[PDB]
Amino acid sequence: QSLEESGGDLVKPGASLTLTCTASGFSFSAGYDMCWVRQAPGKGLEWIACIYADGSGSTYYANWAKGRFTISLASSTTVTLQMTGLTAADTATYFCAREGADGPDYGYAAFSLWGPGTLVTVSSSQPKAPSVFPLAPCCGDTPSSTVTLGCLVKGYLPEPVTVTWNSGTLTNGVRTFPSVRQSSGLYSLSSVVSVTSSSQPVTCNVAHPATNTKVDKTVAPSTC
């Protein structure tokens, strides 16, 4: 059984946005609620609302969300969240989850099954696409049997970007770092990998869904 939220985007302040949860491997029925929980960047978990998946049941909102947010069943496999009057407090990753149950009658008021998140970024800016620069040691450093190469993804908005290495055939000893948001509002992040010095070049695959940007940078071990 699986969840998947879509619809997160960069919205302007005071705008409105619609998120959607989509279920896979199961369909909605009696016995449990479907719910939305958000999480601001570097903050805790904040509950938004729930809806009993067969509809007949109730629809309860966090006091702070009543009035702005609205939750709906759009089908036997999709649940929606209407968001109006978005401030920047509403900037968060928006999760979707299934109330678990230990029996057929009703839930146990805990969320067992969770989607991965869709990310709402509320900002007065336009989407900027990142610039990508290879990260490679000083030419003047005497080489070694391994080397750490990497990619700098600089100045994008909104999140996320994806960094994959040699198209996903490479993952051992790959470190991709959390993104930082500079004073400009533009995010940056680096990602490195550690390989043996085959002399064979490595290539990083950066993607910024919000600008339909895909750029592929080959990182020579920078020996001038």
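Numbers follow the displayed sequence, beginning with 1.
The deposited model assigns a higher average Cα B-factor to 56-64 than to the other stretch when 56-64 and 151-159 are compared. As listed in the deposited structure, the average C-alpha B-factor of 95-103 and of 112-120 is greater for 95-103.
Taking only the listed residues 188, 39, 27, 176, the entry reports the highest CA temperature factor at 27. In this PDB entry, residue 206 carries a Cα temperature factor that places it within the middle third of its chain's modelled residues.
The PDB entry assigns residue 137 a C-alpha temperature factor belonging to the middle third of its chain's modelled residues.
Remark: residue 143 belongs to the highest third of its chain, ranked by C-alpha B-factor as recorded. Annotation for residue 20: CA B-factor lies in the lowest third of the chain's modelled residues. Among the modelled residues of the chain, residue 192 sits in the lowest third by CA temperature factor in this PDB entry.
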